[PDB]
There are 4 protein chains.
Amino acid sequence: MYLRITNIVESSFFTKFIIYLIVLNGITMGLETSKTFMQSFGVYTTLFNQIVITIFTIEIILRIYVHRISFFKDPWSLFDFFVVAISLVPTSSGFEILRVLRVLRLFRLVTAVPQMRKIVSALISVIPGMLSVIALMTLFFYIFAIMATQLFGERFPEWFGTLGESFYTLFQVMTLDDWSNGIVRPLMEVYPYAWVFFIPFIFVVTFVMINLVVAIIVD
Amino acid sequence: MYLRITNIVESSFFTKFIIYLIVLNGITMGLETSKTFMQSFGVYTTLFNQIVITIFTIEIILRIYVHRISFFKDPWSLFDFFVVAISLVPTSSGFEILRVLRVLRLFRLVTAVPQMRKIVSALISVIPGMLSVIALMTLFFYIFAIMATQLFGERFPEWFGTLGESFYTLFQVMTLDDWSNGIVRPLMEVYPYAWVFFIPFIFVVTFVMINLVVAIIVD
Amino acid sequence: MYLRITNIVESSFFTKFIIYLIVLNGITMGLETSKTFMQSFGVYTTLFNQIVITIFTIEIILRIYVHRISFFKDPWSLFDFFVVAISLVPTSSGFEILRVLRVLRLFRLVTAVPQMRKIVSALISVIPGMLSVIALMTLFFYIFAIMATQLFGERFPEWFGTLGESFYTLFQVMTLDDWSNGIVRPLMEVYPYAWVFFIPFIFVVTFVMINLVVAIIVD
Amino acid sequence: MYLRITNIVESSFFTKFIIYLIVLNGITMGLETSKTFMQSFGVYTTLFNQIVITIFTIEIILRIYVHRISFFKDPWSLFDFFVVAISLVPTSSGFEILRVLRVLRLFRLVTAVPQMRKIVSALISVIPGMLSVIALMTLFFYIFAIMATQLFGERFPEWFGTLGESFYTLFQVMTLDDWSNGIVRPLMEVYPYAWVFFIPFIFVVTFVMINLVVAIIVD
Ligand SMILES: COc1ccc(CCN(C)CCC[C@](C#N)(c2ccccc2Br)C(C)C)cc1OC
Ligand SMILES: [Ca+2]
Ligand SMILES: [Ca+2]
Ligand SMILES: [Ca+2]
């Protein structure tokens, strides 16, 4: 009974059938943001959403039947599973973010449509080499998050009152977002010398990113 | 009678002549932005323009006999066509904006100088390779924009009330422009976990971008 | 019994563990950020803090007896030395800014983990190459800061009132932080030609940067 | 006479002495930043200045004899000539800006130090191969600056009343500086489609720039 379906899955028609559905649901999903649309035609779309979700679930099972254990070591396939499984919990008691997460299902376009997968693959592939600098930056940020909560969090709770807040604010400055008129000049009206931790924090932070990118190019 | 024209149109005087006209027009088009200039010299310029549009109009018709079906298979020539074209379409009819669109005709200086066109060509030529990254990034933006409108549009209709607006703000965060104190910090005052939405978004979008340059460089 | 003591601190059991105390101190220090936590658990960590500082002190002393003159020509241990020493400076010198500098010893995880060291050292190696770039820039900065102070200082004391202040604003404009709406537009209301100063400045600082990166790549 | 004068100017003593003098006049002008310093030592620094311009006028004179007409074919010296010459034009009456342009003489540290000469010349060296893109981009800016003024200049004069104003504003958007909340969102409150102008625009300027940098790198 294996042989019957295995021929169905590998067909030009199975894949193209799934892909045409995704691009369709993605067009559907666009229209789902207009509440006005959701009046005049709202009923069609909860249905369409239930149908596609059913089809995909069936479709994942056959592929596991066909691929067995070789399915759960293909990351692209694992993602489609995790992206499909996610899309199935009822949106009531569970966080209502999952009603919003189900648009991730459009990322199935990447997994099933070639060219798209490689680019993601090329990109993911620079990540393991970098994990160390990522560990560095995170330890670095953390040492500085601690310093900032203690140095400025008393008088400036919105920016530095909590360790998590300190991370964020600190993150903004690295992204160079309104950082001087916005955060430190305020800081200097009380702390004339905050530039001693924000001007160098900025140098380091800039220095590493630039050197990281450079290190990508050489490699 | 068909045989006579080709030797005129192809001459190095022809090409030298048209480029001169573009530069004079471009000087005059600068002048048209000045009000003072207009009372004082308005009427010379409004008429100079239609003489130039005809001369260009004459050149294109002529160029089509010599180059035949292959005229319209030339991308450089097609631009030439539509740009003088748009300067021919009447004012009240269609839009009113295209009257002002006319300034685009200074871009003929690019079409007609071999040195400019090759840079442009070289520039255009990285793109067929980018069409994967454009496609990929457009798909990614689309997906987060849908999530953002539904997450954030009822309480912030100005910013996310709508898909377009959702796109717009997301392009903006991507350019890192006042992204935090100006969009996300406010957001965070009603929706605290918005940093989970935008800080990841920021990483992804700036990462994809950086790596795009490396493969441009290497290739 | 020399080599026996030497046997001890060079062991893999000792270091990973004291690395683990770093990881441990790193955790409690995050915890010290909470006023809630500090209230009902303050003595656990006021306690946890004293043991660790002591342990680190014996290690530094010991590693010296093992290495002697060699200890003090190792850049990573001098760092190690100085950041424990700082913690051996008491609570107050009026400047209780030092009690905050204590959390600097968490950079010891960098000194203590060879894979960390590899990354930092790679990063440093970039710098000497740029010492030439650094002097030219600091000079241009020095002069223009002077022109700025004299030019804008009387009417705009916050921004340019002072050599140091013009330095800060100039650094800000160089990071391209709200440079237009935030500084130059206001200035031109009093001094309409200020664009003749700052756009050239921007031009140079952007330019040199770009060029800075290119040098890094080749090096 | 000729050879006797010619042999002191070319010496390691002459130029070291001038460099030594330049560093003081640079240190001296920073002190002139402090009106505090000026009411307490201003008489010391007002003539230290005065004899330095004397010495430099003389130094310049000697160097002219040694190199004759070939002096005015040297970029660094012609620079030295005018940059000192400027400080000799009388402050009073005709114009008072000329007093501040006098500070440019501190740029001679570059002129007189060969490492500095090496750096600058290297920098200038990348410019000739960039000019063509300067031409295209400047031509693009010139086209859109015309457009922004006719399109947005009526209702928004501060930003677009004048070409220079559209240039400056486009340059800002180019510098990507507070462009959405600061510029285009307001435009959009009257002209909802203003983004069809500005969003493509940002794509272009960012694209050309990267590829400009990239073109630099590979060679
Ligand atoms: C995420 O961390 C970052 C932290 C910091 C920066 C530098 C940001 N930059 C100052 C903003 C625009 C500046 C730029 C130049 N200058 C530019 C970009 C696009 C168009 C024109 C220009 Br003039 C360019 C080199 C990124 C980038 C980061 O990611 C890319
Ligand atoms: Ca920025
Ligand atoms: Ca900014
Ligand atoms: Ca800003």
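Numbers given to residues start from 1 along each chain, in the order its sequence is written, and need not follow the entry; residues that have no coordinates are not shown. Here chains are named by letter from A upward and ligands by number from 1 upward, in the order in which they appear as written. In computing side-chain values, all of the structure's heavy atoms are included and hydrogens and water are not.

X-ray crystallography is the method the PDB entry states for this structure, with the resolution given as 3.20 Å.

K.L.:
I'm lost on the overall build of chain A in this one. Help?
P.N.:
Elements are defined by DSSP. Helices are runs of H or I of four residues or more, strands are runs of E of two residues or more, and each kind is numbered from the N terminus. Within chain A, the secondary structure is distributed over 13 helices and zero strands. The secondary structure elements of chain A, listed N-terminal to C-terminal, are α-α-α-α-α-α-α-α-α-α-α-α-α. Computation of the radius of gyration draws on C-alpha atoms alone. For the globule rule, the value is 2.2 Å times the number of residues to the power 0.38. Compactness check: chain A gives a C-alpha radius of gyration of 24 Å against a globular reference of 17 Å for 219 residues, more than 25% above the reference. With respect to the principal axes defined by its C-alpha atoms, chain A has extents near 75 × 50 × 25 Å. Residue pairs at least 24 apart in sequence account for 59% of intrachain contacts in chain A once pairs closer than 6 positions are excluded. Throughout, the Shrake-Rupley method with a 1.4 Å probe supplies accessible areas, and for residues the shown protein chains are the sole cover considered. Of the roughly 11,600 Å² of accessible surface on chain A, 70% is carried by carbon and sulfur atoms. Here a residue-residue contact requires only that any non-hydrogen atoms of the pair lie within 4.5 Å.

K.L.:
It is not clear to me how the relation of the copies chain D and chain B should be interpreted in this structure. Could you clarify?
P.N.:
Copy one and copy two of the chain differ by a rotation about a common axis and a shift along it. Turning chain D through 91 degrees and shifting it by 0.2 Å along the axis lays it on chain B, with an RMSD of 0.9 Å. One copy is carried onto the other by what is essentially a four-fold rotation axis. Of the C-alpha atoms belonging to chain D, the one lying closest to the rotation axis is found on D:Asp178, 4.3 Å away. The share of interface residues of chain D whose copies in chain B are also at the interface is only 9%, consistent with the copies meeting through different surfaces. For the superposition of copies, the fit is least squares and the atoms are the C-alpha atoms.

K.L.:
Sorry if this is basic, but what is going on with the UniProt feature "transmembrane region" (unreviewed entry) in chain A here?
P.N.:
Residue and element names in this part refer to chain A. UniProt positions are given in the numbering used here, feature names are shortened, and annotations may be inferred rather than shown by experiment. The UniProt entry lists residues 12-31, 43-66, 78-98, 119-147 and 193-218 under the feature "transmembrane region" (unreviewed entry), expressed in the numbering used here. In residues 12-31, helix accounts for 100% and strand for 0%; the two terminal C-alpha atoms are 29 Å from one another. The straight-line gap between the two end C-alpha atoms of residues 119-147 is 39 Å; of that span, 93% is helix and 0% is strand.

K.L.:
Is there a simple way to explain a nonpolar patch on the surface in this structure?
P.N.:
Residues and elements named next belong to chain D. Residues forming no salt bridge and having over 30% relative accessible area are the ones grouped into patches, like charges within 9 Å of each other and nonpolar side chains (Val, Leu, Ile, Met, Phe, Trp, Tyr) within 5 Å. Salt bridge, as used here: a side-chain nitrogen of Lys or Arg that lies within 4 Å of a carboxyl oxygen of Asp or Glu. Together, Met1, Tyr2, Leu3, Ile58, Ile61 and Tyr65 make up an exposed nonpolar region whose accessible area comes to about 680 Å². Sorting the residues of the nonpolar patch by element identifies α1 (2-9) and α3 (35-67) as the ones contributing at least two each. The leading source of residues in the nonpolar patch is α3, at three residues. Along the chain, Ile61 turns up in helix α3.

K.L.:
What is the right way to read the packing of aromatic side chains from this model?
P.N.:
The geometry of an aromatic ring pair comes down to the distance between the two centres and the angle between the two planes. Pairs were defined over the aromatic rings of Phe, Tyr and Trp, the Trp ring being its six-membered one, requiring ring centres within 6.5 Å. Orientation was assigned from the angle between planes: stacked under 30 degrees, edge-to-face over 60, tilted for the rest. According to the stated counting rule, one finds 104 aromatic pairs over all chains in the structure shown. With 4.8 Å between their ring centres and 40 degrees between their planes, B:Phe41 and B:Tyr44 make a pair best called tilted. Placement of both B:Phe41 and B:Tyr44 in helix α3 (residues 35-67) is noted, with a separation of three residues, approximately one turn of the helix. Exposure remark for B:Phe41: the relative accessible area of 46% places this residue in the partly exposed category. Note on B:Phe197 and B:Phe198: the rings are 4.5 Å apart at their centroids and 40 degrees apart in plane angle, and the pair reads as tilted. Each of the two residues, B:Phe197 as well as B:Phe198, counts as buried. By definition, being over a ring means that NZ of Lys or CZ of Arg is both within 6 Å of the ring centre and within 35 degrees of the ring normal. Of note, D:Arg108 hangs over the ring of D:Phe56, and the distance from its end group to the ring centre comes to 4.4 Å. Only protein chains enter the accessibility calculation, which uses a 1.4 Å probe; a residue whose area is less than 20% of its type maximum is buried, one above 50% is exposed, and one in between is partly exposed.

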